[PDB]
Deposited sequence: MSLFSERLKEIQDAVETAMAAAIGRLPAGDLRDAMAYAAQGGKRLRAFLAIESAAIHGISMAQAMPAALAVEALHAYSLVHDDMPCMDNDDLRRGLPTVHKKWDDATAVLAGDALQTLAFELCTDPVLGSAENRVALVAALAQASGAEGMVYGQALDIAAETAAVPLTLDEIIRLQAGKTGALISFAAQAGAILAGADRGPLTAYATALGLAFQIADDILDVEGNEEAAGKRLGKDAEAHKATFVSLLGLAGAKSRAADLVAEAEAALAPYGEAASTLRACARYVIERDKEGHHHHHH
């Protein structure tokens, strides 16, 4: 399809660009760990950044530093999350995690530096004006810190052993922090770089992010973390499926001002449930 071919292209370009940006750093164990953690993945957040840019008439070359920013940040968070003090993961996508391949010290440092790299990438003159770049840093920061991604991780610790079982509102607030905020930055990145209205892409992302999580739960159905309240347990199998579809249709509809230009973005929404 257009979507699948466009995705493949973006994945190939991102792999190359990330390796080049990391290869610029001083050699050593730190850099090897950084490189290993930022390689592979579906690049869905890079996709969103590039496609939302394309919709505002911005080239992939002008958009690359923002796509790599959100991928670096995504990568940093997994490294920190795979640590024994947190999710305690030995393997990710069939492969050893950073803290296992190297050591815990390398994992905290590789993730720290990857965070730094993401913000540095946001200052790259290729992106365009200083005004737009400083709005991009601000938005990546809002998405990633103590009112965004990290906050959602803090809540997840309380949530996975909660006394009263988790309500729908709570697992929605969870989702919105853990994955929602960064998916939203990625989708808004295009508009940020064009200095354009961020409303439609925000609404598209809110709906898309939640749809992702709901679609994820359904796939798991079809210990503390394993027996947590999911959208399938709360809404039912059919209730979850119908909610996923509703949200995808809501995300597509948010992109109506863009006409046929939004094609790959609306196929991205459909992809999550299909």
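- For this chain, the deposited residues without C-alpha positions form the stretches 1, 224 to 235, 288 to 298, given in sequence order.
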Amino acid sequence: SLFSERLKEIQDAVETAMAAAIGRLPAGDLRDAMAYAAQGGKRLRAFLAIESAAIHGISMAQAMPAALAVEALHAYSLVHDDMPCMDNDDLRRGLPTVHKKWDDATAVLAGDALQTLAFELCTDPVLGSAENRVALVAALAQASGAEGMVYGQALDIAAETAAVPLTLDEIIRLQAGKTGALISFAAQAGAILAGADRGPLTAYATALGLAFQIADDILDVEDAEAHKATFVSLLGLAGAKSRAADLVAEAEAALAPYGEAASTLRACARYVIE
From here on, numbers count along this sequence of modelled residues.
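- Per-stretch averaging of Cα B factors for 141 to 149 and 156 to 164 places 156 to 164 on top.
- Here the stretch with the larger average CA B-factor, out of 166 to 174 and 90 to 98, is 90 to 98.
- Between the residues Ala66, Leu30, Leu208, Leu48, the entry's highest C-alpha temperature factor is the one at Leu30.
- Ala256: CA B factor in the middle third of modelled residues in this chain (values from the PDB entry).
- In the deposited entry, the Cα temperature factor of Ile58 places it in the lowest third of its chain's modelled residues.
- Residue-level temperature factors show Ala13 in the highest third of its chain, judged at the C-alpha atom.
- Sorting the modelled residues of the chain by their CA temperature factor places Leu235 in the middle third.
- Sorting the modelled residues of the chain by their CA temperature factor places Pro84 in the highest third.
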